[PDB]
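Before any comments, here is the structure.
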Amino acid sequence: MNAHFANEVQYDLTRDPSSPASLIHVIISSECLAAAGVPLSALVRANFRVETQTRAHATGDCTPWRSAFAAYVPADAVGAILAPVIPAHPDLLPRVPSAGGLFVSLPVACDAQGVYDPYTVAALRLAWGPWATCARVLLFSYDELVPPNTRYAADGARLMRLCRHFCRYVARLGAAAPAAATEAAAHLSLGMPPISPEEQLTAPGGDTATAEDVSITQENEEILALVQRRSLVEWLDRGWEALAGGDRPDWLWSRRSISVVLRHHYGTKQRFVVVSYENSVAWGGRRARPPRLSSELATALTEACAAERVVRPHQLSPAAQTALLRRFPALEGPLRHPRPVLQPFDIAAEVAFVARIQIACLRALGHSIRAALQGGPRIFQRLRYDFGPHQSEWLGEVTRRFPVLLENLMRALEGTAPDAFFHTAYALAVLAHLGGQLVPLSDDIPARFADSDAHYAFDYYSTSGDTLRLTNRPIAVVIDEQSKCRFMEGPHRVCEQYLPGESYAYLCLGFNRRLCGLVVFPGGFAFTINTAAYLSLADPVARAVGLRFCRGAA
Amino acid sequence: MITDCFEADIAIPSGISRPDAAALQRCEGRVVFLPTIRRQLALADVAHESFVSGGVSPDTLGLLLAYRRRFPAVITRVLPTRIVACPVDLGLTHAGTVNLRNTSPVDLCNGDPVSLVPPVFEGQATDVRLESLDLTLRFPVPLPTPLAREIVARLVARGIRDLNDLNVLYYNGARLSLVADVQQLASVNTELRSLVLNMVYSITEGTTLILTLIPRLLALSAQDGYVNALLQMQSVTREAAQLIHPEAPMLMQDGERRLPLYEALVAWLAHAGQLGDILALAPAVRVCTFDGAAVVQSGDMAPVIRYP
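Going down the list, the protein sequences come from chains q and S. Residues 1 to 45, 54 to 200, 230 to 266, 355 to 562, 569 to 611, 618 to 627, 633 to 696, numbered by the entry's author numbering, are exactly what the first sequence covers, in order. Residues 1 to 164, 175 to 318, numbered by the entry's author numbering, are exactly what the second sequence covers, in order.
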C-alpha cells in the first residue's frame, strides 16, 4: 500500500515540469514475476529498491535509470487494499484470499496536450544483489500500461459491506466494544457475504458520461408518472479511530473508492493490476492535474491501417501516413527516420534490437577465433605450472579433446539466451569497451579493471560431459612469456579457489578492457586473441546499448 | 562559603568625598554586572566606563547585549573600604537568600520570576554618579516577567519602524511609558537576526495542518467568549482569514512512521517559546517573602530564592 503513497510524494516534484509526465500505480502479480525470471523467495528476505527508465519509441536515448520504491506482499495484494485489517482485530473483515506482488507506480511520458505514444516502453529493474545475475529488467508499453477507461463502479457495493461488517462485528463484540464504536454502529446501521476481490476484476462495469443516463430516466420515469397524473463516512472514519487508536492514512483511502483495472502483460501473458485510488494524484485518481493522458496518437494508429485492412503503417500509403503526421508531429521519428535503431510501430522490435547484437558479438569471435588459429599454430603457454610424470598422460588427452571444446564454446555462446548472455564475462567486456570509447550496471566490473590492460575477466567451462558455464559471477584476475597471476579484492563458488587453467575440467576464457581476448586451456597453454578488429557496431547503436546496460559513473 | 556564598569584593579607593561615600550607603539591594568571578575587583570594572566600547557607549537596547556576557551580582553590604556582592549563578548566601530592592515603579508578587532590565522608563534613569571619581553606576531595574518581555518587545519593534504610539504600557491599571530613544542600527541587526532564525526554524511541515484550522477559529470565536477574547480586537489571524483560504497537501513523505503535529510542537517550543529568553536575559530570581506579605511594593526590599 505505502509504496504508492511514497512515490506520489516524489511525483509531487512535478518533474520537471518542463517535460510533463504522469504516474500509474501498478500491482504486479507473483506469477507474472515468476515467469519473468524472478525468484520469489529472494524478495521475501519494508520497502524495496527498483530502478526505472523510459525508452523511446523508435530512435533516441533511454532515460537514465532512476530509483523508485517497491513493496512486495506475498499475499493477496488487492485484498490488502480492499479489506484492511485492524492489527488487533483480524476477524473484523472476512475476505477471499488471493495472490499478489510488489507495488510500483510507474512514470508516463506526457506532452503539451498530453498524449502518450503507444509502443513506447517503460522499464523496471530488480536487484537481488550486486551482480547482474541478481538483476532483471522488465518492459512495458504505454499501450500495455494505460487502460482506456477506469472503473469506480464495482467498488461501490463494497463499502456497504463495511457498514455491514462494522455493524456486524460490533454486535458480536457486544459489551466489550468501546462505546464510540457502538455509537457509530447506530448511525451506520441507519445508513444501511464475504468480500471477494476477484469480483471487481471480472465485474462488467466502469465509469460513464451518464449525462444522457439522467435524461434517459426523466423521459423514463415521467411516463409512468404522467399515467398517474456528519455523513456516514465520518462515522466510518470514526469507526476505525474507535477500534484502531490511530488514523493510519493507509486505511483512509481504503475506506474511499478504489479503482481496480485488470490488465495483462504482453511478455508473460500474465496479469498485473493497475490501481488508481480515489484521492490519488496519479493517473485515474479523481484529483489529477491537466492535461491528462489521451488516446489521440493511439486510436488513430489503429484505424489508420484498420480502415486500410493493413497490418503495418509502413504498408500504409504515404498519403495517409502524412495525414496523421500533420496532426501528430512526433510520428516523424518512427515514420521518417531512414535507419531507425528500432523497428518502428512494432512490439518485439525491441527484442530484435537485442538479438542482432547477440549475433554481432558472436561473429566478432568466430572470425577472430579463426584468425589466430587459422594456420596451425604453436600456442606454447602464457602461464606457469609444474607437471608430474603421470600428469603427462592426461595432457595427451587434452590434445584429442582440444577441437571439440572450441566448437562447444561458440555452440553454447550462440545458444545462450540473449538476456542472460549480457551477464557473461564477454558481454561485460563489450559494455566495458564501448563505455571506454561509465559504469556498466550491476557493478560487475572491479574498480581497478580500468587501471591497466592486465586486469581481466573470466568464465569457466566444463571439460568433460556436457560443456556448460560453471560460473555465475565473472572472475577477475590480473596477469603480468610466463608471468604469475593473482586474484583481486572481493555465496561460494568452488571455481573461485583456482587460477585460470590451473586444473583439469576448466576451460578458462578471458578478456580485457582493451578487449584482447585470452583462451586458457588446462595446463596453462593459452594464446591471445584480439577481437576488437572484427567487432563492428554503429556508434548510435553503441551509445544506445550502453545507456540501457550501463550507468553514468558516480 | 566558596560554594555557599561567594564574596566577590569590590574595593573602594582612597579619595572619595563623604557626600559621595555616604551616597553608596543607599546602594544596598542592587545589581552589579561582574565581568568575571574574581575575588578582588575595582569600581572601574563595575562602573559604566567598563561597559563602554571604543568611543561608543551603546543604547538601552544594546545595553542588554553585554549584560548576558557578564555575571549579575547583588550587593550584600556596603563597608567603608569595600563592597561585597555574591554572584547569582554560583551561590546565594549561607542559607541561600539575598535581598534586592525595587527600583521599579512596579509592585511585585510572591513566586513570580524577576527579570532585570536597563533603566528604560521615564523619570527613572537614575545613575548614582561618583563626583569624586567621575564614575556612573547604571543600576538596572528588577521587573516582573509579564512586563519584561513586553518592554523588550516595544524596543525591538521601535528599531524596525526605523528601517522603513509604541512606547506606552499598562500594568494592573497603572499607565506608564518608557523613554522614547533613538537606537543604534548595529544593535538592531543582531536582534532582527535573532528573531528570524528562531522564526524560520520554528516552521515545520505539520504546521500547515494547523493553518487549515484558522476559519474554524472564527467559526468558534462567534460563540465562545473565551476565544472571542483570546484572538484580539486587532489580531492578525482575524484579518488573515478573510484574504487567506488555507489548505493542506494530501499525502506526506514517509507519513506512516512520523508524527506531523508532534514534530510541529517540539520545533515550535524550541524556537518560539524559547525566543523571549534570547532577547532578554533569563529570570534566574524569584521572590518568596517568608512572612511579610503577598505583594512587594516599590522601594522596599524583597527576599530572593533562586529559580530553575
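Just so it is clear, CB atoms sit at the ideal spot from N, CA and C, and this is done for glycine as well.
Pull up the distance between the alpha-carbon of q:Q255 and that of q:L263, whole angstroms please.
Position 218 of the first sequence, counted from the start, is the residue given in the question as residue 255 of chain q. Position 226 of the first sequence, counted from the start, is the residue given in the question as residue 263 of chain q. Using only the alpha carbons, I get a separation of about 11 Å.
Among S:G54, S:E150, S:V198 and S:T103, which residue has its Cα nearest to the Cα of S:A312?
Counting from 1 along the second sequence, the entry for residue 312 of chain S is found at position 302. For S:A312, the nearest C-alpha among the options comes from S:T103.
For the segment 368-386 of chain q, which residues have a beta carbon sitting closer than 9 Å to at least one beta carbon of chain S?
So the close ones are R373, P374 and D375.
Compute the Euclidean distance between the alpha carbons of q:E539 and q:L649, then round it to the nearest angstrom.
Counted from its first residue, the first sequence places residue 539 of chain q at position 414. Counted from its first residue, the first sequence places residue 649 of chain q at position 507. Cα to Cα, the separation comes out at about 17 Å.
Between q:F397 and q:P438, is the Cβ-Cβ spacing less than 7 Å?
For the purposes of this step, residue 397 of chain q is taken as residue 272 along the first sequence, with counting starting at 1. For the purposes of this step, residue 438 of chain q is taken as residue 313 along the first sequence, with counting starting at 1. Cβ atoms of q:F397 and q:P438: not closer than 7 Å.
Does the beta-carbon distance from q:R363 to q:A192 come in below 7 Å?
The residue given as residue 363 of chain q occupies position 238 in the first sequence. The residue given as residue 192 of chain q occupies position 184 in the first sequence. Yes, these two residues count as a Cβ contact at 7 Å.
Identify which residue in S:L176, S:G91, S:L65 and S:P146 has its Cα closest to the Cα of S:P118.
Looking up residue 118 of chain S in the second sequence gives position 118. Ranking S:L176, S:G91, S:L65 and S:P146 by Cα distance to S:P118 puts S:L65 first.
Please report the residue range of the alpha helix (DSSP H) in which q:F527 lies.
Position 402 of the first sequence holds residue 527 of chain q. Taken as a continuous stretch (DSSP letters only), the alpha helix (DSSP H) holding q:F527 covers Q516 to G540.
Counting only beta-carbon separations shorter than 7 Å, does S:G216 have a partner in chain q?
Your numbering for residue 216 of chain S matches position 206 in the second sequence. By this cut-off, S:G216 is not an interface position.
Could you give the residue range of the alpha helix (DSSP H) that holds q:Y11?
Counting from 1 along the first sequence, the entry for residue 11 of chain q is found at position 11. Counting along the chain, the alpha helix (DSSP H) containing q:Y11 begins and ends at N2 to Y11.
Please state if the CB of q:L441 and the CB of q:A423 are separated by a distance shorter than 7 Å.
For the purposes of this step, residue 423 of chain q is taken as the residue at position 298 of the first sequence. For the purposes of this step, residue 441 of chain q is taken as the residue at position 316 of the first sequence. Taking 7 Å as the Cβ cut-off, q:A423 and q:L441 do not qualify as a contacting pair.
Examine chain S for any beta-carbon lying closer than 7 Å to the beta-carbon of q:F111, and answer yes or no.
Indexing the first sequence from 1 puts residue 111 of chain q at position 103. It does not; no Cβ of chain S falls within 7 Å.
For q:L556, count the other beta carbons within 10 Å of its own beta carbon; 16 or more makes it buried, fewer makes it exposed. Which is it?
As a position in the first sequence, residue 556 of chain q is number 431, starting the count at 1. When all chains shown are included, q:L556 counts as buried.
Counting pairs of beta carbons, one from the segment 67-86 of chain S and one from the segment 262-279 of chain S, are three or more of them closer than 8 Å?
Short answer: they don't touch.
q:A552 to q:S30, Cα distance in whole Å?
Indexing the first sequence from 1 puts residue 552 of chain q at position 427. Indexing the first sequence from 1 puts residue 30 of chain q at position 30. Looking at the two C-alpha atoms, the distance is approximately 30 Å.
Take q:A34 and list the residues in its own chain whose beta-carbon comes closer than 8 Å to its own, dropping the five residues that flank it on each side.
Residue numbering aside, residue 34 of chain q sits at position 34 when the first sequence is read from its first letter. Hits under 8 Å: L40.
Would you mind sorting q:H389 into buried or exposed? The rule is 16 or more other CB atoms within 10 Å of its CB.
In the first sequence, counting from the first residue as 1, residue 389 of chain q sits at position 264. Exposed, since its Cβ has fewer than 16 Cβ neighbours within 10 Å.
For q:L43, which residues in the same chain have their Cβ closer than 6 Å to its Cβ, ignoring the five residues on either side in sequence?
By one-based count along the first sequence, residue 43 of chain q stands at place 43. Taken in chain order, the residues that qualify are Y80.
Could you list which residues in chain S have their beta carbon closer than 9 Å to that of q:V662, in chain order?
Position 520 of the first sequence holds residue 662 of chain q. None at all; the shortest Cβ gap to chain S is about 52 Å.
Output the boundary residues of the beta strand (DSSP E) element that contains S:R101.
Taking the first residue of the second sequence as 1, we reach residue 101 of chain S at position 101. It spans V98 to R101 - the beta strand (DSSP E) in which S:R101 sits, taken as one unbroken run.
Where do the ends of the alpha helix (DSSP H) carrying S:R203 lie?
Residue 203 of chain S sits at position 193 when you count from the first residue of the second sequence. It spans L195 to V210 - the alpha helix (DSSP H) in which S:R203 sits, taken as one unbroken run.
Can you check whether the C-beta of S:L271 is within less than 7 Å of a C-beta belonging to chain q?
Taking the second sequence and counting its residues from 1, one reaches residue 271 of chain S at position 261. Taking Cβ atoms only, chain q never reaches closer than 7 Å to S:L271, which makes this a no.
Would you mind reading off the limits of the alpha helix (DSSP H) that contains q:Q446?
Against the first sequence, residue 446 of chain q aligns to sequence position 321. First-last of the alpha helix (DSSP H) with q:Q446: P443 to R452.
Could you name the residues of the segment 249-265 of chain S whose beta carbon sits closer than 9 Å to any beta carbon of chain q, in the order they occur along the chain?
Per Cβ criterion, the list reads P259, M260, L261, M262, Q263, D264 and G265.
Could you check the C-alpha separation between S:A8 and S:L108 for me, to the nearest Å?
The residue labelled residue 8 of chain S in the question sits at position 8 within the second sequence. The residue labelled residue 108 of chain S in the question sits at position 108 within the second sequence. S:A8 and S:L108: Cα-Cα distance of roughly 28 Å.
Quick check: is the beta carbon of q:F5 nearer than 7 Å to any beta carbon in chain S?
Working through the first sequence from its first residue, we reach residue 5 of chain q at position 5. Output row for q:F5: interface = yes.
Within a Cβ cutoff of 8 Å, which residues of the same chain sit near q:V26, ignoring the five residues on either side of it in sequence?
Taking the first sequence and counting its residues from 1, the one referred to as residue 26 of chain q is at position 26. Contacts found: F111, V112, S113, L114, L153, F397, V398, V399 and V400.
Anyone know if the C-beta pair for q:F5 and S:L279 falls short of 7 Å?
Sequence index remark: in the first sequence, residue 5 of chain q carries index 5 (1-based). Sequence index remark: in the second sequence, residue 279 of chain S carries index 269 (1-based). Not a contact, by the Cβ cut-off of 7 Å.
Just tell me which of q:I253, q:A425, q:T190 and q:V476 has its CA closest to the CA of q:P543.
Residue mapping note: residue 543 of chain q aligns to position 418 of the first sequence, counting from 1. q:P543 has its Cα closest to that of q:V476, out of q:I253, q:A425, q:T190 and q:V476.
Going by DSSP, name the residue or residues bridged to q:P115.
In the first sequence, counting from the first residue as 1, residue 115 of chain q sits at position 107. For q:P115, which the question treats as bridged, DSSP gives the partners q:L23.
Just curious, the beta strand (DSSP E) that q:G659 is in, first and last residue?
Residue mapping note: residue 659 of chain q aligns to position 517 of the first sequence, counting from 1. Its beta strand (DSSP E) spans residues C658 to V662.
With a threshold of 7 Å between beta carbons, is q:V9 in contact with chain S?
Against the first sequence, residue 9 of chain q aligns to sequence position 9. Chain S, which has a Cβ nearer than 7 Å to the Cβ of q:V9, makes this yes.
Could you name the residues of chain S that q:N672 contacts, counting a contact when the two beta carbons are closer than 8 Å?
Here the question's residue 672 of chain q lines up with position 530 in the first sequence. Those do not exist, as q:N672 stays about 53 Å from chain S at its closest Cβ, beyond 8 Å.
Alpha carbon to alpha carbon, what distance is there between q:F478 and q:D372?
In the first sequence, the residue the question calls residue 372 of chain q occupies position 247. In the first sequence, the residue the question calls residue 478 of chain q occupies position 353. Rounded to the nearest angstrom, the two C-alpha atoms are 50 Å apart.
Pick helix, strand or coil for q:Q639, following the three-state DSSP scheme.
Along the first sequence, read from residue 1 onward, the residue named residue 639 of chain q stands at position 497. In this structure, q:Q639 counts as helix in the three-state DSSP scheme.
Is there a Cβ from chain S that is less than 7 Å from the Cβ of q:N404?
Residue mapping note: residue 404 of chain q aligns to position 279 of the first sequence, counting from 1. Yes - at least one Cβ of chain S is within 7 Å of the one on q:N404.
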